[PDB]
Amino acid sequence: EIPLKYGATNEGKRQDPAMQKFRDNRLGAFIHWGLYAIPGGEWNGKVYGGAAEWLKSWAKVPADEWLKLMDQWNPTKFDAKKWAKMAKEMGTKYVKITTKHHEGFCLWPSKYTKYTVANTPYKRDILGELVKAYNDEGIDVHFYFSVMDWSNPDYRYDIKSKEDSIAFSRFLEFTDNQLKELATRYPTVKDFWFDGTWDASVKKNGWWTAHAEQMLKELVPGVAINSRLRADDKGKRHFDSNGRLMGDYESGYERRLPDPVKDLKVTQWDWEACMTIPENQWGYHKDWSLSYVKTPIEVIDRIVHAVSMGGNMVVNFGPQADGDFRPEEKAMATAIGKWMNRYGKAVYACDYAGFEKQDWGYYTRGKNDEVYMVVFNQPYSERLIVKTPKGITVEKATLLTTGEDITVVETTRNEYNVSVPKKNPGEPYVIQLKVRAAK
């Protein structure tokens, strides 16, 4: 046991209703919108293959020149009600929005910097319009916030002098003032998801990360705070020096989800994965031919994968500079929503089932002991193997969409073959099991 002042304070999952709602939501969308949407990955004739929201860095653009993109910020097609309607039809229960990315441009009219939506041709409080519209559709709103800020000359990557230390203190005050402003201007916010906290400067200031968590929890009752914010006394991030999770949930698994056989430890804590549609573009990039672009079934597979291991999934969108979405993202949201309208009972408010993983797909467990078989890989055998834990039996199988009874055959003393449906559903599909626990 290493003694810590700024380590974990939660042991185990929060079970207050706000945390139950964050968890039960399960499926979210992410919005990455900022000045990077204007150049869209291209600067002075060169299209850079790196993440569009990092173009300032790829193209070595000075801060003042980058921020002059504000003069072009005029998203005339923006309509927050239409964004909320898109999110509703996708089946999302919450939306996570970039309030300020590394570039430092604020989507709300901050009084602590000039680099905001207020000082653009458009003028309007984009964030505030989104909060109202998503909340009107019954959708929770979460705030992404980058601590690292390329627009503020008090930022430091490391602290190598007294002068650095003084500047960085003033930077942390600024950061607090913005955070307090977000929490008070938009009191319906349900989560802060911090990014840009990896630098040595932040790791040396673990105390500040703990302070930020506490300060926001005091201002917003029941707010969730991600693990990525947090560093302990020794500069250990996400999990402290004693291996305990900091914040309210683990944020991670951006590229790759936990392995369903080897990473069952994640079932012990809340966690949320966030995913891009292309391989690694969060902001709007004009050229999606540069990397692999996931199909709707590949996204759906990741959504159900997360839920099956006790986690949430958030699907990222990078809106165009004009305030509309690209055709690939409209098609994705529509396809997800059509599947979720059919099969969403196996997703919303579901969790890890405690069954051995099988090849056909994933199990999820509902709030009243329903066990759902979500089938992505259809066996040529026409038999879906189900190995039950000790003491558990399968009493019935039903096709979710139609209520058709599905034959269940015992093959050995804890294993069944569940038949595939009489007609191939032609898409990933759900069979609902009724199970019984002995003694």
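All residue numbers refer to positions in the sequence shown, first residue = 1. Under this definition, the rigid core comprises the largest set of C-alpha atoms superposing within 1.5 Å between the forms.
Q: Between 159 to 167 and 81 to 89, which one strays more from this form in 8 other deposited structures of this protein if you match the rigid core and compare Cα atoms?
A: Stretch with the larger root mean square C-alpha distance in 8 other deposited structures of this protein: 159 to 167.
Q: Report the stretch with the higher root mean square CA deviation, pooled over structures and residues in 8 other deposited structures of this protein, choosing between 32 to 40 and 408 to 416 after a rigid core fit.
A: Relative to the shown form, the greater RMS C-alpha distance in 8 other deposited structures of this protein belongs to 408 to 416.
Q: Look over 346 to 354 and 246 to 254 in the entry and identify the one with the greater average Cα temperature factor.
A: Between 346 to 354 and 246 to 254, it is 246 to 254.
Q: Which of the two stretches, 52 to 60 or 389 to 397, shows the higher mean Cα temperature factor in the record?
A: The stretch with the larger mean CA B-factor is 389 to 397.
Q: Looking at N226, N205, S146, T113, which has the biggest Cα B factor in the entry?
A: Answer, based on the entry's C-alpha B-factors: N205.
Q: Using the temperature factors in the entry, find which of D191, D164, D140, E298 has the highest value at its Cα atom.
A: So the option with the highest C-alpha B-factor is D164.
Q: Could you look up the Cα B-factor of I31 in the entry and say which third of the chain it sits in: lowest, middle or highest?
A: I31: CA B-factor falls in the lowest third of its chain.
Q: What third of the chain, by the recorded C-alpha B-factor, contains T184?
A: Tercile = lowest for this residue's CA B-factor.
Q: When the modelled residues of the chain are sorted by Cα temperature factor, does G366 land in the lowest, middle or highest third?
A: Highest third of the chain for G366's C-alpha B-factor.
Q: Which third of the chain holds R23 when residues are ordered by C-alpha B factor: lowest, middle or highest?
A: It falls in the middle third of the chain.
Q: Split the chain's modelled residues into thirds by Cα B-factor; is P278 in the lowest, middle or highest one?
A: Its C-alpha B-factor belongs to the middle third of this chain's values.
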